[PDB]
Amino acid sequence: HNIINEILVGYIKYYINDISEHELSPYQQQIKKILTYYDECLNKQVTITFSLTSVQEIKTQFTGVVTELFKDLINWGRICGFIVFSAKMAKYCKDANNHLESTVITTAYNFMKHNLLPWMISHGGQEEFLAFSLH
């Protein structure tokens, strides 16, 4: 419940401005560097926009993107993308004030647990995602 909080949830809440920069754990503050670098890397190529109105569209559209992202390969690089995208859908809900940011975070949380977390653990877990952030 904290390997997902420190790798995923924490960065989202920081992105949503729900939570300040030094509210993040030391671990979180290190890995945020690669996530930010990712976010700006992605912005440079594509502008993503959302039209979500309810909980229902969140579940299908999010699962659409993230499943397709891990249809073929899983790697820590695609994990950054998962986190970043999760944060940008969540920020849309923030800005739109439809009060569904918590749904996005829940949805991402559950997906990471049921589909990715067994692979993460199988591949060096928290420490490895840290190592990746430094490279």
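So that there is no doubt, residue numbering starts at 1 and follows the sequence shown.
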Pick between 5 to 13 and 18 to 26: the one whose mean CA B-factor in the entry is higher. 18 to 26
With B-factors read from the PDB entry, the higher C-alpha mean of 73 to 81 and 90 to 98 is in 90 to 98
Specify which of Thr36, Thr53, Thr63, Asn43 carries the largest Cα B factor in the deposited PDB entry. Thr53
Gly125 by Cα B-factor - lowest, middle or highest third of the modelled chain: lowest
